[PDB]
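Listed next as structure tokens is one chain, alone, in the form deposited in one PDB entry.
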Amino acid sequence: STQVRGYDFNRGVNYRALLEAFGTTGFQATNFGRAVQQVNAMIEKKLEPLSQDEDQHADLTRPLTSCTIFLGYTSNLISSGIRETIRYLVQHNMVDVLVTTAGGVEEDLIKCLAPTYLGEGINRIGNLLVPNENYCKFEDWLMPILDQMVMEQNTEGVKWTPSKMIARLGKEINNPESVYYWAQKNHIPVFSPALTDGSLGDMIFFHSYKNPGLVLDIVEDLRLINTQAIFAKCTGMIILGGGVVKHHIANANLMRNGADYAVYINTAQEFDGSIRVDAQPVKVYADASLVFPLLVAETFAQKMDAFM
């Protein structure tokens, strides 16, 4: 059994030892240390070379690795500075699939046009402020792209889905601060059935009266996200801010393995009800704005050289 012991500041400030001491500190500090262990296990799996046999399985679809990592996050984390943390992972191909919620696409693209501010015509998101002007700049940028998307649908047989639209918006924003710029550049698909539930939806709706008939099919994206999970050698999940992806994915009939590694960081409670098996997930009960940068510092950022 491991004894409870906190970091001793009589040693001075050794940041690596202080962060490792979370594991023996207890409560959510211990969950954080278990999350670091799970994510380091994911990364070490991902960096294992595929055999010529495994490599063959992999190509039945970006290059397959030994661990396909799904990174799911709520839109609020894109409004926060965690946008930079996510952009870094996507930029360096450290994760394979993104899943987000309503607002999670446009809040990244808008930040390329105008900043979000700290608080305590304004959109308030917790202690953040997005001036209404930011949405106006975004709408002016978006409308011509929606025109091209409808023309391509009608003249070049394009069958749009949320993931194909998000790839197109990332290509158009053409800005290395953008999560979605890097995802499309690095062939990391982005899934968001809720893509139209917020401001981007208001704009697509408005656009549809002057230029009707845009179709966004969710069933083709249903097949694409499943293909990422079914053809994976191994599956990891890092899910932030809420239940963006429920942990139970193991499905014998679909040939879909459970995740070998799963980390959840959120402040949701269980009490109101909010093939390889599904591994026991690690849950850190904490604001991901605090915890996710610390997790990335102790895991992905330690293996930067291997992803360059």
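Only residues modelled in both forms are compared. Under this definition, the rigid core comprises the largest set of C-alpha atoms superposing within 1.5 Å between the forms. All residue numbers refer to positions in the sequence shown, first residue = 1.
Engineer: At least a third of the other compared entries leaving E44 unmodelled, is that the case?
Structural biologist: Per the records, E44 is modelled in all the other entries.
Engineer: Checking the other compared PDB entries, only those that cover the residues flanking it, does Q56 lack coordinates in at least one third?
Structural biologist: Per the records, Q56 goes unmodelled in at least a third of the other entries.
Engineer: Would you class the number of unmodelled deposited residues between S274 and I275 as none, 1 to 3, 4 to 9, or 10 or more?
Structural biologist: The entry has a long gap there, with 10 or more residues left out between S274 and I275.
Engineer: According to the entry, how many residues of the deposited sequence fall between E120 and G121 and are not modelled? Options: none, 1 to 3, 4 to 9, 10 or more.
Structural biologist: Gap between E120 and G121: 10 or more unmodelled residues.
Engineer: Between 191 to 199 and 141 to 149, name whichever shows the higher mean Cα B factor according to the PDB entry.
Structural biologist: According to the PDB entry, the answer is 141 to 149.
Engineer: Select between 150 to 158 and 170 to 178 the stretch whose C-alpha atoms have the higher average B-factor in the entry.
Structural biologist: The recorded data point to 150 to 158.
Engineer: Taking the values straight from the PDB record, which of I69, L240, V39, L47 has the highest C-alpha temperature factor?
Structural biologist: Checking the PDB record, the top C-alpha B-factor among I69, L240, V39, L47 is at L47.
Engineer: Which listed residue, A252, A29, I265, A35, has the largest C-alpha temperature factor in the record?
Structural biologist: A252 has the highest C-alpha B-factor of those listed.
Engineer: Ranking the modelled residues of this chain by C-alpha B-factor as given in the entry, is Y135 in the lowest, middle or highest third?
Structural biologist: Middle third by C-alpha B-factor.
Engineer: Going by what the PDB entry lists, where does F206 fall on CA B-factor within its chain: lowest, middle or highest third?
Structural biologist: Its C-alpha B-factor, which the entry lists for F206, ranks in the middle third among residues of this chain.
Engineer: If you rank the chain by CA B-factor, which third does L216 end up in: lowest, middle or highest?
Structural biologist: Lowest third - that is where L216 ends up once the chain's C-alpha B-factors are sorted.
Engineer: Can you work out whether the C-alpha temperature factor of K164 puts it in the lowest, middle or highest third of the chain?
Structural biologist: CA B-factor rank for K164: middle third.
Engineer: Considering every modelled residue of the chain and its Cα B-factor in the PDB entry, is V244 in the lowest, middle or highest third?
Structural biologist: CA B-factor rank for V244: middle third.
Another form, the form deposited in another entry, is not on view; read the next lines as being about it.
Engineer: Of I249, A29, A41, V282, which one has a Cα that moves 2 Å or more between the shown form and the other one once the core is lined up?
Structural biologist: The only residue crossing the 2 Å threshold is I249.
Engineer: Regarding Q37 and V244, go with closer or farther for their CA spacing in the other form versus this form, the difference being 3 Å or more.
Structural biologist: Compared with the form shown here, the C-alpha atoms of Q37 and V244 sit farther apart in the other form, by 3 Å or more.
Engineer: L240 to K246, Cα distance in the other form relative to here: closer or farther, by 3 Å or more?
Structural biologist: Compared with the shown chain, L240-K246 is closer in the other form.
Engineer: Superpose the two forms on the rigid core, then report in sequence order the stretches of at least three consecutive residues whose Cα positions each move 2 Å or more between the shown form and the other one.
Structural biologist: Runs with every C-alpha shifted by at least 2 Å: 243 to 255, 275 to 281.
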